[PDB]
Amino acid sequence: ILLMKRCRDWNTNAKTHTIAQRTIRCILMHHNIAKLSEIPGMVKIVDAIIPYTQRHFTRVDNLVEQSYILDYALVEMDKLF
Amino acid sequence: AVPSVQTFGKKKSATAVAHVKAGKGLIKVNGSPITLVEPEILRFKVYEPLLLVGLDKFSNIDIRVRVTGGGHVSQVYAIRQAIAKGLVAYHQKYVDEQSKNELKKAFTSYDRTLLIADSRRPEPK
Amino acid sequence: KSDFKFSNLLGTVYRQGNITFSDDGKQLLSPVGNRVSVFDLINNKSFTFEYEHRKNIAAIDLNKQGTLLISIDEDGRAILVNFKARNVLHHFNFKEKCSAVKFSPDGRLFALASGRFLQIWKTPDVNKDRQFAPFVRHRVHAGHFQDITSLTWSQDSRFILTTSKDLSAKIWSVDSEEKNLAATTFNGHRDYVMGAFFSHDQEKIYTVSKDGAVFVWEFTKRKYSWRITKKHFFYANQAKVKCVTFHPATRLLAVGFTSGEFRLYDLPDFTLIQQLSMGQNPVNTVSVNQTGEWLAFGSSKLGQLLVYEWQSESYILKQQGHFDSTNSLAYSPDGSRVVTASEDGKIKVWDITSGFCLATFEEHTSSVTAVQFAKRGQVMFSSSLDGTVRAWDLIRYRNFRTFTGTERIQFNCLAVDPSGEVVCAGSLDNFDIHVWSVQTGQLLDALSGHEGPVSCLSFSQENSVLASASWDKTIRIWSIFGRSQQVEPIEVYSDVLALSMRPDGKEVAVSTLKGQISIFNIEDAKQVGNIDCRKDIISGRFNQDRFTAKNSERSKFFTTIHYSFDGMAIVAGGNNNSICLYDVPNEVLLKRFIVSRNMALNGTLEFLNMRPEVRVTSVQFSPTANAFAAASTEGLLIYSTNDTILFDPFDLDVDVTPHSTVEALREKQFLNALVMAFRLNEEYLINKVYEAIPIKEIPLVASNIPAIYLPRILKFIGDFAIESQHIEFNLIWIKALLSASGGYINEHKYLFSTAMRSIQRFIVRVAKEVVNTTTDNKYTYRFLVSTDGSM
Amino acid sequence: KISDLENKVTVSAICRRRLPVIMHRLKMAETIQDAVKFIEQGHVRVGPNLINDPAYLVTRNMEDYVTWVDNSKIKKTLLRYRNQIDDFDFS
Amino acid sequence: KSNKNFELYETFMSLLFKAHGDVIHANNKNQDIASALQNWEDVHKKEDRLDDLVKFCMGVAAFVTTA
Amino acid sequence: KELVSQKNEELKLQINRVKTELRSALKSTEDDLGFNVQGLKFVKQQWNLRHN
Amino acid sequence: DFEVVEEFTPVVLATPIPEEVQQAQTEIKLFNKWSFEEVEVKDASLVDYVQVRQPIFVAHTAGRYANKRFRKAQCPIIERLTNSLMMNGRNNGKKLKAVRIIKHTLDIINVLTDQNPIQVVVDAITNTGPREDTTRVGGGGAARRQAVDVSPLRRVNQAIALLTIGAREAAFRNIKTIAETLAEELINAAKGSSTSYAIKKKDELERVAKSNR
Amino acid sequence: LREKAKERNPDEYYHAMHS
Amino acid sequence: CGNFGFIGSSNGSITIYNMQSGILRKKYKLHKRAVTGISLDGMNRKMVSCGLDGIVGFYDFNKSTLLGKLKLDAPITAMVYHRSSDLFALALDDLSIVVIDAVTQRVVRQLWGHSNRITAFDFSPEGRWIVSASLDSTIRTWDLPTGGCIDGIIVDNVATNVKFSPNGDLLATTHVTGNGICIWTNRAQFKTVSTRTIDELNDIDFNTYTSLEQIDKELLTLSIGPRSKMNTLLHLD
Amino acid sequence: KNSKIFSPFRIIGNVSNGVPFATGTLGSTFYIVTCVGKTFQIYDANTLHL
Amino acid sequence: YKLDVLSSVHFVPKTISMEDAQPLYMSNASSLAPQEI
């Protein structure tokens, strides 16, 4: 729960962010879920974790959506000659 | 008892009152006809109100224009403003409205300073 | 192109009269104001009927086949409408006051509460043609002493219960051959009896009173006739019974009292099933479904409507209009929702694909003035007369800035630049144009310049110049960015209202007080033309006049203007009941719509042989829907268009026939078939050839499409893909189209603007929602398999 | 004035916002007896829109713009007596 | 499997998961539910073609409108 | 508008390479983000299902 | 074939209007002598900065043409010519004097070399206005020049200033006056003779730009 | 009288102003 | 717009008068024999003259030039204009009906069928039908999209004139005898009617097309119906 | 003969042809009844509506 | 009410309970600013 407090500290940026997301990924896929639920006081920080990672999810979704202009430039450069 | 109409026009300080009524063509500035306007080089500046639309829209009317005040070129701008807006007022309220806003579209397509004047003074930067 | 039918009516969801369900529970129809509206409660949509009574409307129903409605006004002007095609059918006049009408359950006959009497008529038919005199009066009955307050029909078509304000509730037979069965007169209640209902087995008759008595009449012994076997009491303190109904097939009695409360009972044991309250103002009418599930309520003071599913105690719709207020509107620049702003002082956010107020915004104290969106339509603004303007978003639905002057001054209009940074507002009694930064909610500058009060503002969209306009006969072009603050005045002849700006940012249209419209270029300052519009609006002769009906300059001007997003058509409305729409390059009226025919509204008609007054305060075009909204005294008015019944083709000739298109399709020349159908421009042919093009040549047809049908194809694919179902086929078509012809629309940006709004709000309304739902399903699967919790 | 609104705002002040007496103090009429005749005949606008009921209270921010309409007999005879009848804008 | 009412089947499955998918997570990796939602995701993982399509189309629409 | 009109097979191959590897990287980090947020919302919702 | 008749009576007003005036009522000629039709700008890149698409009657259209940045590029080219010509110490506000000498000037370029005088003045402007230019780059104090280009508004402005000040320098105090010397300098700059002060200054400016480019 | 001229109020009208 | 009256004479002179004073405004002179059909768009931008030498003139009328002169190969009795769809229909004297549009000036529909002089046109307000009454005592309803008949009512008297309502429910036909004006009610706006040529694919027959439920198997659909059902289903707790 | 689009509705603008119209009393409102060519009309005799 | 009806152009009209006027049906504190949370 100390490392989770550090992860919640790290999560609210855009540079220190993928590090926090892969830390919480490794914890979440290598621990027990009932353990992570009944660790005392470990909902009062994941409720602060989830909207920041939702905002980052929509931001990286919008960036990977914007990345298709290279596909458009490719089909136009194919249509050129 | 004749159908008369009266309009006003003014650049800087000159003032031009125009009485348009049903006549037979004559156009007067202080009694003197429109061919004799004083500064002699802006006579086409005073002609072009009655030259954008054709003289056949002036065959039925006659215009007497008193003009006081202002300098030479301000007076002749006042006469062209009074002639133009007097013609469009006479056609507004004595012949057809389609001819009225056709005249108004022609004048505001040439330049709208023929009809209304930018009479609001300066910018304090 | 200007075939603007009157389609919807947002706002004022119920005004006066009795809400009725359809023959099934699918269509709830309500007596809004003058017209009626129909809400489709399963395929969730709404429309409003095109007819119009001459006064306010008083009683509605449709018969049990669902194929024939009759509405009837406050005086006796019966409108009969063939319901399943929205055509007005017959125009009868009953001779006196109507109270309530009711179709018989078979559909042959209907019954009418004509004051103290009772009318019994047989209906005309809808399969045969238009008659001339189709109403045959069957029988009148004249047994009461005072006016009838309601009717109920039996399950079969044999008996009606007429409950009246005189304390009798009388049972009357429909035909005189069996009249000796029951013509009896149940007395007994203390004050007025306001309902009388049969049971399922028609041996028990309930009668419900004003004070709250329920009497159960039964045919028992002491030949032997109609005693009262059971009495129930409601025991509201000082809340008399205001409306009732009783669905017999499930034994459900819904009673709404006169204090916003309603209770509802399982009647033969009289147990209180469910009791709640709507407001501090009386519920006026109730109605049930045919099958007992849905149960709708209409409160008439505030004008709100409930529907209720009471098995699982939950609602389907819950709307509320206003009481005689709609002061402005705004669309969203992705045309999916519309803000109205109401003179009571509150904002509503309707959505045009539904008909529901999905959001109120109750914040302002005093009246509101105008609303204006910015930045693709997820940030809006609202200016009040209270003394402030304020921001809102349409994601969290909350304020975040309250911009105010430091002086407690009201406002009249406002606008906001597209780069969502600055917000301008224009007041009435300090002659200025205030601007606030929307990043930090401070007052940027008191941008002065006029000599009088300003009345209408707009920012541009290409250079973001300001174009103020004020009652010193002057419009004022401002450039407020970049070290300059450049001012440029333009001087109009008469006083000035009602500015709007063309969406390409090259010219500005302004109304005048001398009944005219002008258009001005703004990189220049010369005019382009003035549409004269003081001969083609018909204001109404007031009932408070000495003068005539035409010469009096009452509302011979245009209080609000808007451009269209192609750039040519201008719609304009004023304080009179005439909506005009023009075009700019030919200066002529495309069309003129009268807005209403309510003689309850004072200045409505021209030859009438204080009051509510007809008025139109804000009109806007849709960014995509090819409709325009007016904000009248009634509510929001939606005139929509279509590619339907008007046959307006595009350079056809002798060989292009729909038969020729379909044979070219079956001979598989798909591009030739598509251009052969788009030259024809007909709805079913376009839809048929567009669906029947298969998938392996969408690159071929989207590459070899011509360069002149492309905005029409984009507009059609968007306006079919919103309410289509084939979302992968639509997405394949759009991918092929704006991959093959992407640079051309970018070099011809402006004439594709009313299409590229559509296929972008096709994506961000349904397709991105479906895609993030399947995204969440993939991530929940990946979690529920990748982790391991065995407690 | 904060607490002495108990004594001054009376009938003689709350009727002083009426359009007839504001008209008479603006000297647009001889008296109230024909000021009510003018504003009942419907010659007098305030702001952009015409006002006909002779019980209207013109507010503070509308007293500046309670003027006669264009195209009316009284505006025509006023400009005729002053002899400034600029007949382009209707009168 | 048949590509009909795709949004309704996706919201049915997400309704299942957020309603009582806790027992699914709990006795995850049982053979029955493992092969059941394994073939479910073997059918479902084809359904990101429209994800690729909308991430194309919204970006290219915004690009050719604005710049 | 000049990047389209250029004629360079090396440049368009380079664009294809940059495009596919960048979209692979962004979809990978979005995969991480979405898996984390759905697992965490499950954790919270079953805690509330226990003792809300 | 095709025919449209609008007037039917011979319209003669009660005041006798001159026949040249009622001939000019068909098509507006400059000074009632010169048609703005058939005037084209033979160079590109100076169209919409000269303005010969509006037939005016006399170069005295006194509208507000200076209270914006670029809206002194739409009042016509000969009005900008006479307004740039009006200014010195001996004359400011002598615009009717400036108009009468531009009237004599274009009249005598007609009587010498009849193309039409507004065509002569327009391609004179295009050949006069320079195309590259030098600026003082800073460098801490070194008098190093640098080569830049000139926008079309700067080309038209410097063209009318060079023509006017060349006629000033050519009739400061010698035999001719400003009217006929503007005529001779403007026809030399229209032909491209490299004998006029305008093309001398254009060749000098482009030569120093070419040199220290 | 100069002060009344500077506040002339240009919309005064009486019955006596017809001639 | 009501500010212009147009008069077509017996010597080709079409005079265009202003209306609210009666003075003459302009006078077009193109034909050399008489003029039988004059009309003008809503935009005051394209006017059509139609003279029984057989020629049709498209004029601009905001300028005063012409910009089109189509010739035809029959005399012309009468003309009618549908302004909402820029179309106009011409009688001919080889008994054809030729409808042509006033933008692209093509000969867009050539309608045969009648056997005597036709004497009544009218365009339906939606622009989908014309009704023509003709001196073989018939009344035929042409659908110009398919370019074919729909029905021919053989009325006993010869129908003189045929007009529509502004909202297309009433036909007002007067016949050669009978003092009154006969009124006909259509069944047009109550149901779609067939499009089938008479003498003496059902989707395009009945002029409507339902959307099929899916194109094929590999093309996704959505819920056939509403769209807020998904959001209500995902959030109804 | 028989149509399929337009059913005939009402001959208007015709009040008689030459046949003697008849009269009668529907209680209060006297009605006259006239012949027009193929059909017959019924008029009131208080307001002369039909 | 009585003041603006006197001083306005157009007319101005004016147990267990519920409420028909709300911000949103769907969001319901699942739409909060993360800075505030």
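In the nomenclature of the PDB entry, chain C corresponds to Periodic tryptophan protein 2 from the organism Saccharomyces cerevisiae. Per UniProt, chain C carries the Subunit text "Interacts with snoRNA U3. Interacts with MPP10. Component of the ribosomal small subunit (SSU) processome composed of at least 40 protein subunits and snoRNA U3." What UniProt states about chain C under its Subcellular location heading is, verbatim, "Nucleus, Nucleolus".

Novice: What's the story with the side chain of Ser511(C) in this structure? I'm lost.
Specialist: All names here are of chain C. Within the fold, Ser-511 resides in strand β47 (residues 507–511). Within the structure, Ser-511 has its side chain in polar contact with the backbone oxygen of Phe-558 (distance 3.1 Å). Setting aside residues up to four positions removed in sequence, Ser-511 forms contacts with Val-496, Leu-497, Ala-498, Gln-516, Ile-517, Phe-558 and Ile-561.

Novice: Just to check I follow, could you spell out the sheet that holds strand β24 (residues 261–266) of chain C for this structure?
Specialist: Working definition: the strands of a sheet are paired by backbone hydrogen bonds and lie parallel or antiparallel to each other. Residues and elements named next belong to chain C. Spatially, β22-β23-β24-β25 is the arrangement adopted by the 4 strands of the open sheet, whose pairing is antiparallel. Strand pairing shows two members of the sheet lacking a second neighbour, β22 (241–247) and β25 (271–277), which therefore form its edges. On average, each strand axis in the sheet is inclined to that of its neighbour by 15 degrees, with strand direction left out of account. Pairing of β24 with β25, which is carried by 6 bridges, proceeds in the antiparallel orientation.

Novice: Sorry, what's going on with the pairing of strand β20 (residues 213–218) of chain C here?
Specialist: Residues in a regular strand point their side chains to alternate faces of the sheet. Residues and elements named next belong to chain C. Most of β20 is tucked away: 6 of the 6 residues are buried. Residues of β20 alternate between two faces, with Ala-213, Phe-215 and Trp-217 on one and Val-214, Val-216 and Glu-218 on the opposite face, all of them buried. The pairing of strand β19 (residues 204–209) with β20 spans 5 bridges and is antiparallel. Across the sheet, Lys-204 pairs through a bridge with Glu-218, a residue of β20. Hairpin connection between β19 and β20: a loop of 3 residues separates the two successive antiparallel strands, and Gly-212 in this loop has a positive phi of roughly 120 degrees. Inspection of the sheet shows β20 paired to strand β21 (residues 227–233) by 6 bridges, in the antiparallel sense. For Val-214, the partnering residue across the bridge sits in β21 and is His-232.

Novice: Even after reading the chapter, I still don't get the environment of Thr23(A), so can you show me in this structure?
Specialist: All names here are of chain A. Tracing the backbone shows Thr-23 in helix α2 (residues 17–29). Sequence separation between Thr-23 and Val-64 is 41 residues; the distance between their C-alpha atoms is 22 Å. Once residues within four sequence positions are removed from consideration, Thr-23 is found in contact with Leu-3 and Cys-7.

About the thresholds
Residues numbered from 1 in each chain as written, not as in the entry; some residues may be left out. Chains lettered and ligands numbered in written order. Part of a larger assembly, values for the part shown. Heavy atoms only, no water. UniProt positions renumbered as here; feature names shortened; annotations may be inferred. Helix = DSSP H or I, 4+ residues; strand = E, 2+ residues; numbered from the N terminus. Polar contact = N/O pair within 3.5 Å; in protein donor to acceptor, adjacent residues only side chain to side chain. Contact = heavy atoms within 4.5 Å. Pairing = 2+ DSSP bridges. Axes fitted to C-alpha atoms, helices over the stretch in contact; angles between N-to-C directions. Buried < 20%, exposed > 50% of the residue type's maximum accessible area, 1.4 Å probe, protein only.

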